[PDB]
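Notes follow once the structure below has been shown.
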Amino acid sequence: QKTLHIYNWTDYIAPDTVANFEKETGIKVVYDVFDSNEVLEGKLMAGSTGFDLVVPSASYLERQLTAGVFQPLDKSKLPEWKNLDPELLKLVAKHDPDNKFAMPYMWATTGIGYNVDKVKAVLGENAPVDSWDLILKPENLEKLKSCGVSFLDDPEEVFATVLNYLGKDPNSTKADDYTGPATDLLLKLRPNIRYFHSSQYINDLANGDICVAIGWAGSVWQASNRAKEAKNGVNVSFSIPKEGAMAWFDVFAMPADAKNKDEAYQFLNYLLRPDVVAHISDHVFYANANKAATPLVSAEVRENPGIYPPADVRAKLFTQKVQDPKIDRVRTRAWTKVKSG
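To convert, note that position 74 of the sequence shown is 102 in PDB author numbering; the numbers rise steadily by one, no gaps.
Below, the structure written as structure tokens:
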């Protein structure tokens, strides 16, 4: 008997991906889900997780690669590795030099999800839905306050987003940038933010309970699709703003103590087949990292510039740099101060 234990994000695979794989290979898949980088990272650090494959964000690889939790990927066992987009491989390679440990899986940005109808009512037909001004100017948040404003509970992405908006380095290594100008703007915005949460905005957007959110691209598009399936007339859309946004990448990695390496490699190469990962993108509304798969993705998804951004939008994206622990601790304390007062 052959078995394979996978640990992936919630809502990050198609409903029949595992079943198709099991039909094709005869391998028993045990599939478990998390919904936070810290829950996965806290299992990885305790060791002996029992997982053969896990899906961390690329920025979390650097911290974990120095701890020696993953083992290098045998490229010869992945003949379809050549299907991966080389540009995405280079961006992930900033956290994983020579792409030794991680296979790019899906990627997206952190932008603005919003209720199209609610925003136009409150802010007029010319609401700045293409700008962070929509959610980072107090004058606007005061108007959108009553219809619901939410921010991610993510100090790394929110501070980077605020810094970029103010004209600073999105990955500034200067402590005063976080406690000074970034905290000032966040404190001005705070009284108009209903909550800081990294998943409640999804269903809230879909149901009409909040009208604007800082959120992950594919999760906002899932909320938009949920409202469409529910036939509730709620029109959710998503915006990568003109000032740029953070792009991030989730990757498959193999723990060093994985018991089913052969089966793990079979599943990776399975994912590299163009139709397998195109099918996932169709259902989760995230762009996969496979360049051969792109034309196979449904037109509604691949021609959506908020999922597959064109070259001009990609040029405005920035990525997460791993900060020195000194700056991590400054970020956490300031975030706590922002969320309270």
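Using N, Cα and C, we set each Cβ at its ideal position, and we do this for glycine too.
Could you tell me which of the options sits nearest to residue i, measuring between CA atoms?
i      : options                           : result
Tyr142 : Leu117, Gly78 and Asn231          : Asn231
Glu66  : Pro84, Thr347, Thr53 and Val329   : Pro84
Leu191 : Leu213, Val177 and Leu172         : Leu213
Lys344 : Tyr59, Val46, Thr138 and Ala42    : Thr138
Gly78  : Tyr59, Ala86 and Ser87            : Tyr59
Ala74  : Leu194, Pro338, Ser265 and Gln92  : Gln92
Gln351 : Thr31, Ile41, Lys105 and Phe187   : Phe187
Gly208 : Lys365, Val305 and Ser309         : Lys365
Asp340 : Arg357, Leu151 and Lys270         : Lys270
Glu50  : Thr201, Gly334, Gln29 and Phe129  : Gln29
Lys56  : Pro166, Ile34, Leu324 and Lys71   : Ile34
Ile140 : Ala327, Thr189, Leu151 and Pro166 : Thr189
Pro183 : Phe224, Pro114 and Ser174         : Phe224
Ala306 : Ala241, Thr322 and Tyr293         : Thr322
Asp278 : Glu108, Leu117 and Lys367         : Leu117
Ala149 : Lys165, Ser174, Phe129 and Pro166 : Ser174
State the Cα-Cα distance for the pair residue i and residue j, rounded to the nearest angstrom.
i           : j      : result
residue 7   : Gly54  : Lying outside 29 to 369, the shown extent of the chain, residue 7 is not represented and no answer is given.
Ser178      : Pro219 : 11 Å
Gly246      : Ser226 : 13 Å
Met131      : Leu300 : 9 Å
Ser87       : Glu185 : 12 Å
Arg330      : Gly369 : 42 Å
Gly261      : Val248 : 16 Å
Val157      : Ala203 : 31 Å
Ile308      : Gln228 : 23 Å
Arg342      : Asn48  : 33 Å
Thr211      : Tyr133 : 34 Å
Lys196      : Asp356 : 17 Å
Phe346      : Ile221 : 25 Å
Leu172      : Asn316 : 33 Å
residue 431 : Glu90  : This structure does not reach residue 431, given that the chain is present from 29 up to 369, and the question cannot be answered.
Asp63       : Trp37  : 5 Å
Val147      : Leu194 : 23 Å
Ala42       : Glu153 : 37 Å
residue 6   : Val82  : This structure gives no information on residue 6, because the portion of the chain shown stretches from 29 to 369.
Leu233      : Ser252 : 8 Å
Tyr314      : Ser265 : 14 Å
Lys165      : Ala241 : 14 Å
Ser76       : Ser200 : 35 Å
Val46       : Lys289 : 17 Å
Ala255      : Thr94  : 43 Å
residue 14  : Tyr206 : The structure shown does not extend to residue 14, since the chain spans only 29 to 369, so no value can be given for it.
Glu167      : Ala155 : 12 Å
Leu215      : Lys367 : 8 Å
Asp310      : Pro302 : 12 Å
Mark residue i as exposed unless 16 or more other C-beta atoms lie within 10 angstroms of its C-beta, in which case mark it buried.
i      : result
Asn127 : buried
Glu69  : buried
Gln348 : buried
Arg359 : buried
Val61  : exposed
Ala258 : exposed
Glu291 : buried
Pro337 : buried
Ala327 : exposed
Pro107 : exposed
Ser104 : exposed
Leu151 : buried
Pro198 : buried
If residue i sits next to residue j, beta carbons under 8 Å apart, how far is it from one beta carbon to the other, in whole angstroms?
i      : j      : result
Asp39  : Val312 : 6 Å
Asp80  : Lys319 : So it is not a contact: roughly 26 Å between Cβ atoms.
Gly334 : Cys239 : About 18 Å; that fails the 8 Å criterion.
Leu169 : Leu217 : 5 Å
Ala136 : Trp276 : 7 Å
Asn263 : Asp102 : Not confirmed; about 47 Å, so no contact.
Closer than 8 Å: is that where the CB of residue i sits relative to any heavy atom of the ligand MN?
i      : result
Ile230 : As presented, the structure is devoid of all ligands, the ligand MN included, so that no description of it is given.
Report yes or no: do the stretch 85-102 and the stretch 272-286 share at least 3 C-beta pairs separated by less than 8 Å? Flag = yes, the stretch 85-102 and the stretch 272-286 touch.
Below 8 Å, can you find three or more Cβ-Cβ pairs linking the stretch 113-123 to the stretch 160-168? no
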